[PDB]
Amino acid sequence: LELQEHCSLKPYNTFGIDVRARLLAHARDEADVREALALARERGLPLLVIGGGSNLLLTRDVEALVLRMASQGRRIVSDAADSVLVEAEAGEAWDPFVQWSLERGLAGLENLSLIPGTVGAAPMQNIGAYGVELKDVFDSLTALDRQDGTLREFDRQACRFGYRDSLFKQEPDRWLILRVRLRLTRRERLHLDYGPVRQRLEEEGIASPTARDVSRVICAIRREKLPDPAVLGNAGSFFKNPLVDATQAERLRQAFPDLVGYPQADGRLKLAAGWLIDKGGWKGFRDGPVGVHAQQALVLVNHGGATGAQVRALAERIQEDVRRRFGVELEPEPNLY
């Protein structure tokens, strides 16, 4: 289990927060998972599940058994020609899993290229980028019920996916995701809305891009645009794009013509949270070891040595400021512990 007592979690979270865990364990299959659960209950410690720690804000030492999800395995479950059911263990790194699928001639994940973290965590916040969400390709997952240690299958409906949401984020600490099955395709027409990805592919002379072509562009753009936690600690975008009803939307639009929004299919307008933050004057803000990125206004950052409490406090000031200015509450994307 590679059990360690009073272990620094600093290399295990992309924010780079240095808090200690009472017990740190690395799980490399379901047996290790069941063992750690027995251990946590034996020692009367809660169990905190961690993947790549890239959606995690740790604010204090962790009096719990921290289980690092490191199980390995990727496989084609069944080939149906135009679609292919693939399966990966929870501890599989997400982006190497995307590449594994693309090397196999499968499409569906290319817009989710270069997202950090693990396969296991991906259903929890319904990972999404470039107009694609995990739920678009999701077939099923196997999860351990942490109430009674049974195994349950969740199909797409049972997962109650939502924008950066899922049953598992709503019922926290209840389900331990062990492996995830996705339906990828071959020979589908690549649907790409106007934007920088499509523009770069046109520049490369590519009017019918393969999934691999799309993935190469999106990797390049993300490596150009998004701070790397390796250099500057962060958990990606800190806030979700908030929705407003047509009432608040027309009022905010009357107060700001430059208001960057997205009209939804249900009639509401999803606001661009980075615009709220930028126009709050927050872009590039720094306060000691924490700050907001000078260009990606959604990315709160640890310049080095920050505590999670310092990050949370900065997030709270931005939230309160945006509340006080725009009448809009920014929800966080990372999970705070």
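A residue's number is simply how far along the shown sequence it sits, counting from 1. Whichever C-alpha set is largest while still superposing within 1.5 Å between the two forms counts as the rigid core.
A.B. asks: With the rigid core as the fit anchor, does 134-142 or 195-203 show bigger C-alpha shifts in 4 other deposited structures of this protein?
C.D. replies: Stretch with the larger root mean square C-alpha distance in 4 other deposited structures of this protein: 195-203.
A.B. asks: Please pick 207-215 or 70-78, whichever has its Cα atoms farther from the shown form in 4 other deposited structures of this protein after a rigid core fit.
C.D. replies: Stretch with the larger root mean square C-alpha distance in 4 other deposited structures of this protein: 207-215.
A.B. asks: Taking the recorded C-alpha temperature factors, which stretch has the higher mean, 113-121 or 244-252?
C.D. replies: Per the PDB entry, the higher value belongs to 244-252.
A.B. asks: Given the B-factors recorded for C-alpha atoms, which segment has the greater mean, 70-78 or 124-132?
C.D. replies: So the stretch with the higher mean C-alpha B-factor is 70-78.
A.B. asks: Go through 46, 274, 289, 53 one by one and give the residue whose Cα B-factor in the PDB entry is largest.
C.D. replies: In this record, 289 carries the highest C-alpha B-factor of the candidates.
A.B. asks: Among the candidates 174, 216, 156, 189, give the one with the maximum CA B-factor reported in the record.
C.D. replies: Comparing C-alpha B-factors across 174, 216, 156, 189, the maximum falls on 189.
A.B. asks: Hey, what third does residue 336 fall into on Cα B-factor, ranked over its chain?
C.D. replies: Lowest third.
A.B. asks: Give the position of residue 15 by CA B-factor within its chain, expressed as the lowest, middle or highest third.
C.D. replies: For residue 15, the deposited C-alpha B-factor lands in the lowest third.
A.B. asks: What third of its chain, lowest, middle or highest, does the C-alpha temperature factor of residue 294 fall into?
C.D. replies: Within its chain, residue 294 is a highest-third residue by C-alpha B-factor, going by the deposited values.
A.B. asks: Which third, lowest, middle or highest, does the CA B-factor of residue 269 fall in along this chain?
C.D. replies: Highest third.
A.B. asks: Relative to the other modelled residues of the same chain, rank the CA B-factor of residue 97 and answer lowest, middle or highest third.
C.D. replies: Ranked within chain, residue 97 CA B lands in the lowest tercile.
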